[PDB]
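For reference, the structure discussed in these notes is given below.
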Amino acid sequence: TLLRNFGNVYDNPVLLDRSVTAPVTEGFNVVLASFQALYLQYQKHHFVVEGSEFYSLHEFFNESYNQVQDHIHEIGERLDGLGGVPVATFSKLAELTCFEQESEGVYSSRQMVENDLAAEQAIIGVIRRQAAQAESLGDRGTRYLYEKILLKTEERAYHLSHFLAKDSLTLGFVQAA
Amino acid sequence: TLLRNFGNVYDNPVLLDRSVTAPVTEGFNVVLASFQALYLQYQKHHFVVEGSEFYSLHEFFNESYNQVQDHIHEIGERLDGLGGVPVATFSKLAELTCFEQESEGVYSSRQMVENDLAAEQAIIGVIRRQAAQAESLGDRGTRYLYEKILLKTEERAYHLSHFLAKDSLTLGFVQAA
Amino acid sequence: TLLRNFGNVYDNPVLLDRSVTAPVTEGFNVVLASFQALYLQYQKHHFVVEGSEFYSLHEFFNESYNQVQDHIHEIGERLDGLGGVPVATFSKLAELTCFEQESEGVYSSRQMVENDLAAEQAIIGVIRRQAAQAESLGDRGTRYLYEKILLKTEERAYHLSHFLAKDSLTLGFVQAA
Amino acid sequence: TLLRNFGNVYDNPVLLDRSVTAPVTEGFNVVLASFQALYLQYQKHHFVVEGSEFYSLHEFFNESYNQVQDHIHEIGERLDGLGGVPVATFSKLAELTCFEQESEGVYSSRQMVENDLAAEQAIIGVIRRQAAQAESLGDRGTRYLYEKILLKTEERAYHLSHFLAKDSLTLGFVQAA
Amino acid sequence: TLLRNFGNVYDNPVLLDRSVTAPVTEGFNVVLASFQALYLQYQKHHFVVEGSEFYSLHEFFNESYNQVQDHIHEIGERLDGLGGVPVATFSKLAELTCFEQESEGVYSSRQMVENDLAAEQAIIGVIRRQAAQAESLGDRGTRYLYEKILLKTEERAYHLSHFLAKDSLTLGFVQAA
Amino acid sequence: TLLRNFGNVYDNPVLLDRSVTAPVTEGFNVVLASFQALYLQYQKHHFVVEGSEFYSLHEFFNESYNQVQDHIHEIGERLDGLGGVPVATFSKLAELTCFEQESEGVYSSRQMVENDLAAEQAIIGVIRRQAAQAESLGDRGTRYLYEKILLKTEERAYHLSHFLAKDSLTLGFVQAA
Amino acid sequence: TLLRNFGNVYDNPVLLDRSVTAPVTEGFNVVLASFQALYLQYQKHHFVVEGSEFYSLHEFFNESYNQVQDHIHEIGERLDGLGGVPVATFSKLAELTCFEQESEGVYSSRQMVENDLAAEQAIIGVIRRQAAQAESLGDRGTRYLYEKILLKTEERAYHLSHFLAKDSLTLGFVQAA
Amino acid sequence: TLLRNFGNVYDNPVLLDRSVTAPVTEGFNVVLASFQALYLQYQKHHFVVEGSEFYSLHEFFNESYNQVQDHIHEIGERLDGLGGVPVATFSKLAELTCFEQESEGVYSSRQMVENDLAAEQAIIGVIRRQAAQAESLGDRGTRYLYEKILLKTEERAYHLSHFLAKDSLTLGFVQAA
Amino acid sequence: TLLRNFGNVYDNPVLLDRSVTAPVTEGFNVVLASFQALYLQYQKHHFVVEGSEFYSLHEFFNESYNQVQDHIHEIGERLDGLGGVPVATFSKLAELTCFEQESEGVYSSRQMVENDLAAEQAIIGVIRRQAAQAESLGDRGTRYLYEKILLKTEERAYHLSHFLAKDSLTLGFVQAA
Amino acid sequence: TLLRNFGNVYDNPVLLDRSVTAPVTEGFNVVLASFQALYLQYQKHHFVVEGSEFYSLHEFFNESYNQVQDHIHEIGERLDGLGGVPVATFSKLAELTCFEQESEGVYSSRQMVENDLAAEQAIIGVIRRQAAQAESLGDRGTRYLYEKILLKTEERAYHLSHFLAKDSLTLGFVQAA
Amino acid sequence: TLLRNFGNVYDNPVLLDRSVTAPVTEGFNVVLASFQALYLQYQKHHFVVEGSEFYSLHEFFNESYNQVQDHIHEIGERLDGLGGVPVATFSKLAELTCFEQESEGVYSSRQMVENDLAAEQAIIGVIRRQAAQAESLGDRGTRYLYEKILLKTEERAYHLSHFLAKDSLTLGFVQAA
Ligand SMILES: [Zn+2]
Ligand SMILES: [Zn+2]
Ligand SMILES: [Zn+2]
Ligand SMILES: [Zn+2]
Ligand SMILES: [Zn+2]
Ligand SMILES: [Zn+2]
Ligand SMILES: [Zn+2]
Ligand SMILES: [Zn+2]
Ligand SMILES: [Zn+2]
Ligand SMILES: [Zn+2]
Ligand SMILES: [Zn+2]
């Protein structure tokens with residue numbers, strides 16, 4: 001027997017109307033699910049990446065999914081505290097993620113980085129909207145948190161595109177395309 | 001003989017008109033006094049709480065009043081830097097606190113948590129208004145600080161209501177109301 | 001609804017007669033009140049001190065009230081262990097404290113340091129009496145605890161006194177009084 | 001081939017008469033044996049405690065027997081330092097300990113905590129006696145050391161006492177008495 | 001041969017139009033250059049300051065230029081990530097700084113602090129405008145960062161004016177102006 | 001009023017048949033006893049060892065009984081974890097330990113080291129059988145825990161044996177046997 | 001004047017038959033000598049590696065020979081602990097190592113990594129053989145220790161393998177084959 | 001209003017004739033200017049490097065300018081101790097630096113690394129001369145200080161040079177020049 | 001031009017009659033002298049001790065004089081704190097120390113340890129009287145400080161005495177006296 | 001029973017001729033004795049300093065004598081290592097120190113700092129002489145070590161010099177001359 | 001397929017003539033070999049040393065070979081840094097080491113310490129020449145690195161020599177030679 005039913009918003013101890021908490025927590029669950037998806041994906045890439053830049057990429061992928069882990073944790077707690085019910089099942093996570101997970105199998109280094117950049121970008125799009133929704137609704141707490149997370153998320157996307165840039169020390173002695 | 005008289009706003013080194021600093025510092029003193037009140041109260045509860053959840057509650061109350069201590073410190077410095085005069089006397093603190101302190105004596109665990117939740121809630125109300133006042137007045141510095149503090153304050157209130165929730169491991173073998 | 005009334009003393013588990021714990025805890029409340037008064041004052045001094053020796057005085061007041069804070073912790077917790085009820089409201093704090101708080105407003109460096117010294121001296125008075133009373137009444141625990149706190153209290157008094165001394169590196173190139 | 005016999009006191013390097021060191025070390029071995037019994041009993045409690053407060057009690061017990069281990073260390077070193085022979089065999093520890101160990105088997109949480117409170121209480125009794133003795137015989141060191149230990153041991157008794165207090169957050173939705 | 005030409009804005013991985021990134025990165029370069037200027041100046045002051053408050057001022061100047069160093073680092077990375085080209089040459093830094101650097105030579109303690117306060121103040125003015133520009137342009141990421149930096153920058157200016165305040169412990173025994 | 005009787009094995013949450021947990025936990029209780037005695041003995045030696053090598057041996061005995069205490073912790077919890085009841089009374093420890101404790105009194109340092117070595121060797125034999133048993137019964141968790149403990153226990157025997165070897169720097173200027 | 005001869009096994013304090021300790025230590029000295037060769041070769045690689053992946057490889061090599069140094073430590077101590085005599089001269093290390101060192105001079109990065117992969121591979125071969133032997137002869141400790149080492153050593157082999165994988169981010173703008 | 005003019009040298013307290021400190025401090029200013037130039041360049045490289053080796057180069061430039069920063073600290077502080085006036089304006093920095101800063105804009109990885117190497121080499125030139133001059137003039141302190149910095153400077157030069165080498169793991173599966 | 005004459009006691013900020021601070025600080029100055037000499041001696045032994053036990057004794061002498069340095073710090077400050085003038089000249093230290101320093105030259109390690117033990121014992125006697133005095137005069141702060149120092153000082157004597165005991169591992173293979 | 005006589009040099013293990021070690025250690029004992037005098041004088045200054053700059057000076061003095069303690073350590077160990085006998089008695093330290101200690105009693109802050117500057121200066125004189133000697137006699141180690149120490153000691157002289165500089169923030173509101 | 005042949009010196013990025021780097025790096029390779037052998041020997045002694053002083057010597061040998069490993073690191077990199085090829089084969093190490101390794105087998109602890117001392121002394125002689133050479137050739141970086149290593153290497157010889165001195169605590173109760 002249940003204490004909170006999924007999809008529902010309950011009482012919150014911080015004086016916020018449900019006209020605020022319901023859409024806010026709804027957004028949180030899309031963000032939360034999205035980051036579980038990215039966490040899994042970054043973690044995978046960490047596991048499987050190989051090649052000349054394996055070591056750099058290895059470390060980066062691990063840094064990334066830990067940083068994502070911390071985002072998830074802040075959201076989960078605030079989501080619940082605001083009176084919503086955080087998503088956790090595989091199938092519901094799949095239905096709520098804002099990007100499609102990279103398929104099973106090991107792709108190339110470049111493909112992996114591309115897929116992760118696209119992921120962050122999707123997430124950045126939702127966060128910006130959700131921050132704006134929070135601002136208009138007067139939940140400065142939620143807006144502030146989103147902004148914190150956006151900065152870190154946008155930094156990962158910077159790092160991701162720096163990897164993909166068409167430059168190398170090797171161009172001094174290899175034959176370009 | 002005095003360098004700054006209480007109730008008065010002086011020169012500030014950060015290019016802000018007194019049409020900003022006077023109401024901002026005024027708000028700060030209400031917040032500051034409020035947190036001294038909560039600090040004292042959380043500290044008391046730390047001292048006196050007992051019962052089955054004594055240990056959990058013991059630790060939480062201590063965490064809480066340290067976190068409040070840090071809020072007070074940021075406010076005090078900014079209040080003074082903006083040219084105001086931070087409140088410090090018992091009687092003035094009493095006149096400016098935004099909630100009434102729990103009375104002398106040891107109440108029950110539940111009563112204590114209730115009283116602290118109500119305290120945070122009061123404070124949350126003022127902070128939201130003061131953040132908005134800062135935003136409109138163009139003191140982004142003060143707004144940002146308030147938002148930082150709001151998030152932590154709202155987290156304590158979450159934790160506080162989780163304590164009060166009518167659930168327990170014991171319900172598996174005790175007789176409910 | 002209460003469990004313990006202020007001014008009364010209840011069962012302790014450390015096998016001390018109530019004839020001992022009543023004046024000991026009553027003395028502790030006087031010491032606890034005074035120290036919070038002193039903590040509030042040091043903290044204010046930390047916020048508001050300005051001038052040439054600002055930086056030194058600033059971190060010294062910060063040191064002093066963290067130390068005072070730790071006295072408050074140990075005292076409050078023991079006070080309660082002996083079956084006492086610790087003071088925590090602005091009004092009872094005001095009438096139990098053994099010195100007059102610096103009035104609101106910003107005073108000079110020299111004047112702040114001077115009323116901090118006066119405060120510590122008042123407290124040094126009470127603590128010696130309270131210690132004697134505890135030794136006399138056969139409470140080693142309290143006597144020893146008071147002594148720990150006494151040594152650090154006296155030390156602050158030395159440090160305060162050294163700030164006040166009439167010597168400076170500037171006497172080599174500025175006019176004297 | 002022996003070198004020192006249990007029961008006899010030997011040379012000490014700290015100018016204490018042997019009429020002082022002999023009862024001081026007798027009292028040490030009683031305190032030492034009693035703290036060994038308490039350490040084991042706490043450890044056992046750490047190992048076996050169950051129920052809704054399991055987590056809290058289980059880490060409280062571990063903090064407790066660690067802190068008791070610390071006492072055992074200081075006492076044995078000073079004991080031997082003063083020319084005494086520390087107890088160490090199961091059979092002798094059994095006869096010197098100032099309280100009877102909990103029986104084998106597992107008891108309930110309220111029971112385990114009461115046992116430990118009774119045990120600390122018996123030891124508070126000895127340490128006060130022994131501390132008086134040392135003060136009387138002019139052995140400041142031992143007196144000072146007993147008081148450090150008394151303070152912590154009295155504090156462990158509060159904390160056991162608070163666990164036992166008939167109060168809970170659960171009283172707000174479970175039937176009393 | 002070049003990958004990015006100075007003065008130009010390139011692709012950014014965080015879905016921001018160049019109507020946003022171009023003015024934002026432009027502002028960043030003015031801020032960046034400004035902080036290099038202050039870093040140098042604070043570092044100099046650290047090197048050369050002497051007199052009665054040499055030690056306090058020594059430490060403060062060093063704290064300050066490290067804190068400025070961290071501001072520079074966040075800006076540089078975000079500037080580049082947004083697709084701009086961070087300034088780094090002496091002459092371009094000089095043309096873009098928002099205040100004039102203090103001249104070569106060692107000035108007095110007071111003059112140095114005055115010059116640094118004026119520097120911060122200049123920078124505060126630009127940051128407030130650039131934060132507002134970011135807000136209106138919808139770059140919450142950049143706005144948030146600026147706000148972070150503003151708070152620290154405004155704190156240094158507070159500390160700076162506290163140094164300059166016309167108060168001293170010495171006034172108890174020296175002859176005022 | 002007990003919950004579990006010493007000598008019975010109760011239910012476990014790790015899917016092990018009681019034909020497995022009964023002998024396993026019997027075994028654990030012998031090893032707990034033995035380590036418990038070894039700890040006391042190690043600690044005693046630490047308390048009393050003197051002579052030329054006093055400092056090395058002091059340090060070593062300390063490290064030794066700390067490490068043994070870690071073993072006791074792991075076993076005690078897994079003993080209880082498998083539905084066993086851990087031994088904690090002086091009387092039952094003596095009956096279950098696999099070696100006979102050093103007698104009361106201080107022995108020579110060589111005799112102490114020899115006594116500890118024989119203690120470790122008594123415990124090594126019990127662990128190898130008890131590990132061999134758990135392998136055959138299907139308890140990999142217990143088998144692995146034992147091998148972990150065996151490795152450290154064998155290392156203490158190496159170190160013990162080295163202390164006892166008939167070599168010394170002094171052999172270059174003192175007479176041999 | 002010798003005391004133990006290389007080649008012979010001597011007394012051990014851990015109740016292992018000498019028919020066990022003799023082949024176990026022979027295998028140790030082979031593993032020990034092979035890890036010395038690998039350590040040197042890694043070190044060399046650390047010293048000499050160049051090219052676009054220099055930084056990554058150069059810190060990977062350092063992590064690697066550090067982790068190999070750790071193996072060398074555990075093995076030598078147990079070796080000697082078991083009554084063996086560890087190899088230590090250049091000439092004998094040369095004949096016991098299970099793989100031929102890379103020749104003097106500097107090779108390429110792809111070459112250095114292949115050499116190290118071949119070296120780890122040869123050692124994985126020995127450790128499995130030796131681990132089987134120890135299990136067979138009833139020496140759990142040695143078996144357990146070989147497996148700790150096998151795990152890390154297999155993991156170093158993945159990482160060398162991944163470096164060698166024919167994939168790169170550079171494939172997106174440089175010509176393959 | 002000045003206290004010390006740039007280009008002039010004043011009283012030191014370390015008993016060195018002004019004939020020594022004048023060329024030593026003048027050399028220090030050349031070295032200080034160059035290193036800030038280098039610090040600005042490494043920092044820019046840290047901001048802007050992109051491509052396959054981005055991650056490695058990124059944290060290497062970060063390491064390099066923290067190290068360079070520490071050279072700047074020691075040099076500036078000693079320069080002033082010898083009675084000198086340290087350079088800190090953009091214009092005098094430009095004319096004292098012993099190499100030409102990389103022009104504005106983003107260059108290739110290889111090209112960045114290449115002008116960092118050129119910069120270090122120019123500085124290695126000056127430092128050897130300045131060191132010789134200091135030994136020659138009888139200033140051990142400076143000679144030694146230059147040597148500390150020389151060793152780390154040369155080391156960066158090695159590291160830079162290794163990035164530039166024409167070897168890569170990619171040469172096994174990409175076309176050569 | 002003095003501010004305070006050695007041999008006078010001046011004003012104190014801790015409310016103590018000069019009939020108390022005069023004898024107390026006389027006493028402090030004897031103990032400061034004595035510890036100051038003991039530090040030199042401890043440090044010397046550290047510099048020169050050799051032989052078989054050189055390493056243990058090296059470590060121990062080091063720890064010993066560090067700990068003594070801590071004592072010197074506490075006394076010196078409280079000496080000055082009570083309005084005394086602390087001794088710092090070589091000549092006045094010799095006249096005031098309560099034991100005669102070991103003569104110049106290296107003695108045997110046994111003689112060094114014996115000399116340190118007699119030093120500690122000389123200081124123990126002075127501390128017990130000086131503590132006894134402060135108890136009777138009403139200076140609890142001083143009495144407690146002394147007991148703190150007494151405890152550590154007695155422990156060094158334990159350790160010293162243990163080094164001197166006529167036991168050794170070597171007694172199992174070298175000839176006795 | 002002596003083993004080495006003060007004044008004579010003995011065997012050293014580092015292949016330095018005794019014609020080298022004898023003057024090098026004479027110079028060591030002069031440096032050693034002078035640093036002991038400085039350490040005491042700094043300590044004294046730490047204990048006694050008062051006035052508006054008390055806090056700054058009081059922690060500067062403590063950093064200073066700690067850093068001097070470090071010198072004393074390196075010098076004594078090398079001294080003895082080179083076969084010398086380190087000075088350690090009050091009377092001999094008095095005659096070997098290269099500067100006369102400040103007299104007993106307390107002086108002013110400007111006075112204490114001048115004394116310490118004079119003291120460091122005298123020592124800078126010796127260390128340069130001794131460093132030249134060591135270079136000349138071919139003892140690189142000692143030369144290198146003297147230069148490490150010279151650098152710090154010259155740096156302590158700057159800092160003392162800066163304290164003394166006739167400049168203050170107070171000049172902007174107090175009357176000069 | 002090599003890139004560099006052992007025995008050739010190649011190009012360097014630190015502006016040194018090959019008439020300098022050729023002899024310098026030849027020298028480095030002898031010292032690398034020698035330290036490499038010394039490390040093995042130090043580590044061996046660590047593996048096998050036993051007897052009364054086993055614990056001290058155990059610790060010391062460990063510290064010793066760690067410190068030697070640090071030397072090997074610095075040389076190896078600067079060797080390669082100067083365009084040299086570092087030795088890493090067993091065969092070439094033997095031919096280049098400047099001392100002959102201790103033979104296989106365990107020797108007495110005194111013989112081990114004596115062997116290490118002669119090893120250090122062999123290496124001290126090589127370093128002094130190799131440093132003398134680099135001074136004359138103009139390689140200050142190498143000269144300074146050597147002096148750094150010389151200082152620590154001389155200290156290990158001090159410590160080695162002290163272990164060997166004919167003194168012991170046991171001389172007060174065992175027969176001399
Ligand atoms: Zn959490
Ligand atoms: Zn603060
Ligand atoms: Zn507490
Ligand atoms: Zn101990
Ligand atoms: Zn960065
Ligand atoms: Zn546990
Ligand atoms: Zn080891
Ligand atoms: Zn500095
Ligand atoms: Zn201090
Ligand atoms: Zn040392
Ligand atoms: Zn390295």
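Following the order of the structure tokens, first chain is A, next is B, and so on, with residues numbered from 1 inside each chain and ligands from 1 in the order they appear.
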Checklist line | Nearby polymer residues, ligand 4, at most 12 Å, only C-alpha atoms and all ligand atoms, as a PyMOL selection string | finding: (chain D and resi 69-81) or (chain F and resi 42-49+54-66) or (chain I and resi 155-156+158-159)
For the selection just defined, write its residues with N, CA, C and O atoms to a file, as a short mmCIF file (atom, residue, chain, number, x, y, z; two decimals), in the first residue's frame.
```
data_model
loop_
_atom_site.label_atom_id
_atom_site.label_comp_id
_atom_site.auth_asym_id
_atom_site.auth_seq_id
_atom_site.Cartn_x
_atom_site.Cartn_y
_atom_site.Cartn_z
N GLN D 69 37.80 2.18 24.58
CA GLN D 69 39.11 1.68 24.19
C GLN D 69 40.19 2.73 24.48
O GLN D 69 41.29 2.40 24.96
N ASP D 70 39.86 4.00 24.23
CA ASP D 70 40.78 5.09 24.49
C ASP D 70 41.12 5.22 25.98
O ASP D 70 42.27 5.46 26.36
N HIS D 71 40.10 5.06 26.83
CA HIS D 71 40.29 5.07 28.28
C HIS D 71 41.24 3.95 28.72
O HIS D 71 42.17 4.16 29.52
N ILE D 72 40.97 2.76 28.19
CA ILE D 72 41.72 1.56 28.50
C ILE D 72 43.20 1.77 28.21
O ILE D 72 44.08 1.29 28.93
N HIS D 73 43.46 2.55 27.18
CA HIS D 73 44.81 2.78 26.72
C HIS D 73 45.55 3.67 27.69
O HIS D 73 46.66 3.35 28.11
N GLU D 74 44.94 4.79 28.04
CA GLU D 74 45.56 5.74 28.95
C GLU D 74 45.80 5.13 30.33
O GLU D 74 46.81 5.41 30.98
N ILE D 75 44.87 4.30 30.77
CA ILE D 75 44.91 3.75 32.10
C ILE D 75 46.00 2.69 32.22
O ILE D 75 46.79 2.74 33.15
N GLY D 76 46.05 1.77 31.26
CA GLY D 76 47.07 0.74 31.23
C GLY D 76 48.47 1.30 31.17
O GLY D 76 49.38 0.84 31.87
N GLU D 77 48.66 2.33 30.34
CA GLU D 77 49.99 2.91 30.21
C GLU D 77 50.43 3.60 31.50
O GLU D 77 51.58 3.46 31.93
N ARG D 78 49.52 4.33 32.14
CA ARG D 78 49.88 5.00 33.38
C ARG D 78 50.06 3.97 34.51
O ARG D 78 51.01 4.05 35.30
N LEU D 79 49.14 3.01 34.57
CA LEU D 79 49.21 1.89 35.50
C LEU D 79 50.60 1.31 35.50
O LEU D 79 51.28 1.32 36.53
N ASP D 80 51.02 0.81 34.35
CA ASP D 80 52.35 0.21 34.21
C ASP D 80 53.43 1.24 34.44
O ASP D 80 54.46 0.93 35.04
N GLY D 81 53.21 2.46 33.97
CA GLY D 81 54.17 3.52 34.16
C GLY D 81 54.43 3.77 35.63
O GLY D 81 55.54 4.09 36.03
N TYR F 42 48.10 -8.76 23.28
CA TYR F 42 48.81 -7.74 22.49
C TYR F 42 48.83 -6.39 23.17
O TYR F 42 49.87 -5.74 23.27
N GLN F 43 47.66 -5.99 23.65
CA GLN F 43 47.53 -4.72 24.36
C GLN F 43 48.35 -4.72 25.66
O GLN F 43 49.01 -3.73 25.99
N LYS F 44 48.30 -5.83 26.40
CA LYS F 44 49.10 -5.98 27.61
C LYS F 44 50.60 -5.78 27.35
O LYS F 44 51.29 -5.00 28.04
N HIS F 45 51.10 -6.49 26.34
CA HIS F 45 52.49 -6.38 25.96
C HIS F 45 52.84 -4.94 25.65
O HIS F 45 53.89 -4.44 26.08
N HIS F 46 51.94 -4.28 24.93
CA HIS F 46 52.05 -2.85 24.68
C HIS F 46 52.16 -2.03 25.95
O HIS F 46 53.00 -1.15 26.06
N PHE F 47 51.27 -2.29 26.90
CA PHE F 47 51.34 -1.67 28.22
C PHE F 47 52.68 -1.90 28.95
O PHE F 47 53.18 -1.00 29.63
N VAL F 48 53.26 -3.10 28.84
CA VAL F 48 54.36 -3.42 29.77
C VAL F 48 55.75 -3.62 29.20
O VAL F 48 56.71 -3.73 29.97
N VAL F 49 55.88 -3.70 27.88
CA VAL F 49 57.16 -4.07 27.30
C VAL F 49 58.17 -2.98 27.57
O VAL F 49 57.88 -1.80 27.43
N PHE F 54 62.30 -1.54 23.45
CA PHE F 54 60.99 -1.09 23.95
C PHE F 54 60.19 -0.24 22.92
O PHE F 54 59.01 -0.49 22.70
N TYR F 55 60.83 0.72 22.28
CA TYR F 55 60.14 1.62 21.36
C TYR F 55 59.60 0.90 20.12
O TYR F 55 58.43 1.05 19.78
N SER F 56 60.45 0.12 19.46
CA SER F 56 59.97 -0.66 18.33
C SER F 56 58.82 -1.55 18.76
O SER F 56 57.77 -1.54 18.14
N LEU F 57 59.01 -2.28 19.85
CA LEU F 57 58.00 -3.25 20.27
C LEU F 57 56.70 -2.59 20.74
O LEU F 57 55.60 -3.08 20.45
N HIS F 58 56.83 -1.49 21.47
CA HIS F 58 55.70 -0.63 21.82
C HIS F 58 54.82 -0.34 20.60
O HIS F 58 53.63 -0.64 20.60
N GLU F 59 55.43 0.24 19.57
CA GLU F 59 54.74 0.61 18.33
C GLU F 59 54.09 -0.63 17.74
O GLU F 59 52.92 -0.66 17.44
N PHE F 60 54.89 -1.68 17.62
CA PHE F 60 54.45 -2.89 16.95
C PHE F 60 53.26 -3.59 17.64
O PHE F 60 52.32 -4.04 16.96
N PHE F 61 53.30 -3.68 18.97
CA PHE F 61 52.20 -4.28 19.73
C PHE F 61 50.90 -3.51 19.55
O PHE F 61 49.82 -4.10 19.47
N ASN F 62 51.03 -2.19 19.53
CA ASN F 62 49.93 -1.29 19.27
C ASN F 62 49.32 -1.56 17.90
O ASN F 62 48.12 -1.79 17.79
N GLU F 63 50.14 -1.54 16.86
CA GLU F 63 49.64 -1.78 15.52
C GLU F 63 48.97 -3.13 15.49
O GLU F 63 47.91 -3.31 14.90
N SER F 64 49.61 -4.08 16.16
CA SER F 64 49.15 -5.45 16.20
C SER F 64 47.78 -5.66 16.79
O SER F 64 46.99 -6.45 16.25
N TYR F 65 47.48 -4.97 17.88
CA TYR F 65 46.19 -5.21 18.50
C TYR F 65 45.09 -4.39 17.83
O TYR F 65 43.93 -4.80 17.84
N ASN F 66 45.46 -3.28 17.21
CA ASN F 66 44.53 -2.53 16.35
C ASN F 66 44.10 -3.39 15.19
O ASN F 66 42.91 -3.61 14.96
N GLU I 155 54.72 11.03 31.58
CA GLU I 155 54.76 10.01 30.53
C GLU I 155 56.12 9.91 29.85
O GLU I 155 56.49 8.84 29.37
N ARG I 156 56.85 11.01 29.79
CA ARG I 156 58.15 10.96 29.15
C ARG I 156 59.10 10.18 30.07
O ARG I 156 59.98 9.44 29.61
N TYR I 158 58.13 7.70 32.25
CA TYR I 158 57.79 6.30 31.96
C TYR I 158 58.61 5.78 30.81
O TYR I 158 59.15 4.69 30.87
N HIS I 159 58.63 6.54 29.72
CA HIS I 159 59.22 6.07 28.48
C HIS I 159 60.72 6.05 28.65
O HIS I 159 61.39 5.11 28.23
#
```
Note to self: What are the residues of chain K lining chain H at 8 Å or less? Count only C-alpha atoms, and put the answer as a list in words.
What the structure shows: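 Taking only C-alpha atoms into account, residues 12, 13, 14, 15, 78, 81, 82, 140, 141, 142, 144 and 145 of chain K sit within 8 Å of chain H.
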Notebook entry, point to check: Which polymer residues have any atom within 12 Å of an atom of residue 171 (chain C), counting only C-alpha atoms, with same-chain residues fewer than 3 positions away left out, as a PyMOL selection string?
Noted result: (chain C and resi 166-168+174-177) or (chain E and resi 51-52+170-171+173-175) or (chain J and resi 51-53+108-111+164-168+170-171+174-177)
Next item on the list: Rounded to one decimal place, report the CA of residue 25 (chain A)-CA of residue 84 (chain A) distance in Å.
Entry: 5.5 Å
Note to self: Need the shell around residue 2 (chain J): protein/DNA/RNA residues with any atom at most 10 Å away, counting only C-alpha atoms. Skip same-chain ones fewer than 4 positions apart. Format as a PyMOL selection string?
What the structure shows: chain I and resi 103-108+111
Next item on the list: For CA of residue 26 (chain I) and CA of residue 4 (chain I), quote the distance in Å rounded to one decimal.
Entry: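 Those two atoms sit 14.9 Å apart.
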Next item on the list: Identify, on the basis of only C-alpha atoms, every residue whose closest approach to residue 97 (chain C) does not exceed 10 Å; exclude the query and any residue fewer than 3 positions from it along the same chain; express the result as a PyMOL selection string.
Entry: chain C and resi 29-38+92-94+100-101+119+122-123
For C-alpha atoms, I'd like the residues from the last selection saved as a short mmCIF file (atom, residue, chain, number, x, y, z; two decimals), in the first residue's frame.
```cif
data_model
loop_
_atom_site.label_atom_id
_atom_site.label_comp_id
_atom_site.auth_asym_id
_atom_site.auth_seq_id
_atom_site.Cartn_x
_atom_site.Cartn_y
_atom_site.Cartn_z
CA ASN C 29 22.60 28.81 32.85
CA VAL C 30 24.20 32.07 34.03
CA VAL C 31 27.43 31.03 32.29
CA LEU C 32 25.55 29.84 29.15
CA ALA C 33 23.58 33.14 28.93
CA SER C 34 26.73 35.29 29.36
CA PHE C 35 28.64 33.37 26.70
CA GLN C 36 25.89 33.75 24.11
CA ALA C 37 25.87 37.46 24.94
CA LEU C 38 29.64 37.40 24.43
CA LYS C 92 15.74 35.12 29.91
CA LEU C 93 19.14 35.35 28.23
CA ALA C 94 19.18 39.07 28.97
CA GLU C 100 25.81 44.45 29.86
CA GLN C 101 26.07 43.95 26.10
CA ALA C 119 32.72 40.96 29.46
CA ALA C 122 32.82 39.36 34.46
CA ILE C 123 32.61 35.80 33.15
#
```
